[PDB]
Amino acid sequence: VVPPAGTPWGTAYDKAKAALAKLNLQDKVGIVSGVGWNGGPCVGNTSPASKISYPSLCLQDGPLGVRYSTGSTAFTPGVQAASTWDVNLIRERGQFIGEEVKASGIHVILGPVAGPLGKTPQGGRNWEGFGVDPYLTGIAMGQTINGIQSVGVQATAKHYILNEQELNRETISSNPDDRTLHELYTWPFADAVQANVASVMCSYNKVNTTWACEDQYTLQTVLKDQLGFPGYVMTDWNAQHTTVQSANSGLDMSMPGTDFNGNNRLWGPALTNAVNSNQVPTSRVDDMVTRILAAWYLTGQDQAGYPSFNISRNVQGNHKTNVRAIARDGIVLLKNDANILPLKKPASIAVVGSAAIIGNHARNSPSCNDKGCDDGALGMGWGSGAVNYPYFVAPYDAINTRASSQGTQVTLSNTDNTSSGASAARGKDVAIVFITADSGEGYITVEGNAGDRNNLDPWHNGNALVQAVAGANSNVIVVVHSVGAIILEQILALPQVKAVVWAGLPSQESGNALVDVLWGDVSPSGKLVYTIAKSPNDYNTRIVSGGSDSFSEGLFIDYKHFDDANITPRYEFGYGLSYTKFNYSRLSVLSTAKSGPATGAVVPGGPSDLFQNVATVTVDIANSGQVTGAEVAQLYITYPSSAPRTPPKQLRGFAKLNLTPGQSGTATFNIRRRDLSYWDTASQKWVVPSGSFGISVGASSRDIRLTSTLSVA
């Protein structure tokens, strides 16, 4: 119900309560009600309350940087950050974003994304998030939020909840069972709350026939009471449907205030009328304002000297180091046959594909608003989560500069013409072919793709381009920039394809980061955060075309389905090649963990014991090969078989270690009570089952190097 004394939120509440006492109803209605779609200078705005020096709250997109700004960095999308498996870069990314958001005079950044989590590879906005795994996405959420808010900026965990597809997102009902709702999809929102996230945004879709922004169970019972969330719930943009029920269900903020056309103003004067007509109690509005002002006080935004709103300010500083680092360390090397990579002093190189050069995407062209195009090199998906590039380093330009510097002749075919490609590739030492797939928010249809992807094939005749290049050249490196999984079986069926580089979504540092890896200045060290299957039919979920997604797969999404259904993916979750090898030894498991329901009083995150450490798993990792490289060690836990049906393996830890040849290091996985828990629907509690837990540590969800047990009496 209420945050405890002597904690950041507790002090914010005291402050918030003192402010609330100086306000009248109009003051209060102005704090919770957006001024209207594009009614203010920001993406979202509310009305100031001078009596407590409360500004018009300025809310701006999005998860990867400042939208509409002309002096901001384009950070990598979240999926790329997750792909680094590096908590330091992830936290640094949130911090840098936070610095830019404050420097621009925005109070609330609308991100990061824990929903969609990303159960379907076709999902158009999955790339804004952190991969398909609740644990990793949770850790990322917490690190990104810690980073953002340490600057004194309010973060917004979105989208709550079960917005797993773009098609009919405003009408579809997501209908999973209670365990699935809590244990899979809500999980990462709990990390966000526990990170003291200031705000949560409710989604467009329905949850069991009830619009997410009108849903008392998810908003009040789960988020506020069970997760102990002390901040405010805002709507997604015009995701509000009623005046009264929205308010009474636990909605706190109407965004942006009207629909796109200026209609459907459900709060403002209509909320004033509902309170006056006794349809919404004053205590409810008092609660909304406490939550909103508490977030303001929590982040220190009440102190004099917060920058004024201005998105023309150059706020970039040297933040490109993060984008470079994540674009670089997030590249996943999938295939490296005959050790063709890293490249060394070839006489010639062909570079082939429209995705190698600057196009309308990189240019912020008027043909590509909200990044609604895959034209030229690709840095991110489309929609509200895209931003302007301050610059963009194309793969061709970077490759050309590095290659020319060593007397390597570069030949370019800058289109997707199969015949021009083969011609450029013929006779060259290597040919690097660039393919893409794109997607985004479901209000833009790009090349026939309505938001979600139509299929899992490369865009722009990508498969044919590679086949034509392979017909002309024995040594083909395929570089892929993509919003998600592509089936690569056709490309892999070509014996001429010796290397596959899953470069992900690099933003502005595309070319530099790729050159870093291709030439082996750094070994690639990113690993997959979703499964690349051998067949589109091997995935168990789809973009649903009807009014209902029953979520009948339950807990078994992505790799959990693959493990459960004994399907061999092409490249499994947690998979990544390196230019070196790593040996794992000496697995230990230290545990004090006791069985039963969690027993702590509810605080932000849930019962106070859920995020406390109960165990520690430790392994040694040595670099046994010939070159320096970082390894991503992963922990998977198997629950007792006596426990309610659970996936066979669940990611419960990861560590990243840079090792020079012969160097040895420690990977430590701290285990929180919740990491050994499942959600019990009947008691509405997290429970640790008694029995022997399987402990699996390795280089991927399939590449398990050592095993042990964790026993709970």
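Residue numbers here begin at 1 and follow the sequence given.
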{"property": "Between the two ranges 344-352 and 72-80, the one averaging a larger CA B factor in the entry", "result": "344-352"}
{"property": "266-274 versus 83-91 - greater average Cα B-factor per the deposited record", "result": "266-274"}
{"property": "Residue of maximum C-alpha B factor among 388, 205, 585, 445, per deposited coordinates", "result": "388"}
{"property": "Top Cα B factor in the deposited entry, candidates 222, 140, 110, 497", "result": "497"}
{"property": "Chain-relative CA temperature factor third for residue 695", "result": "lowest"}
{"property": "Third of the chain, ranked by Cα B-factor, where residue 524 sits", "result": "middle"}
{"property": "B-factor third for the C-alpha atom of residue 677 within its chain", "result": "lowest"}
{"property": "CA B-factor placement of residue 619, once the chain's modelled residues are sorted into thirds", "result": "highest"}
{"property": "Chain-relative CA temperature factor third for residue 653", "result": "lowest"}
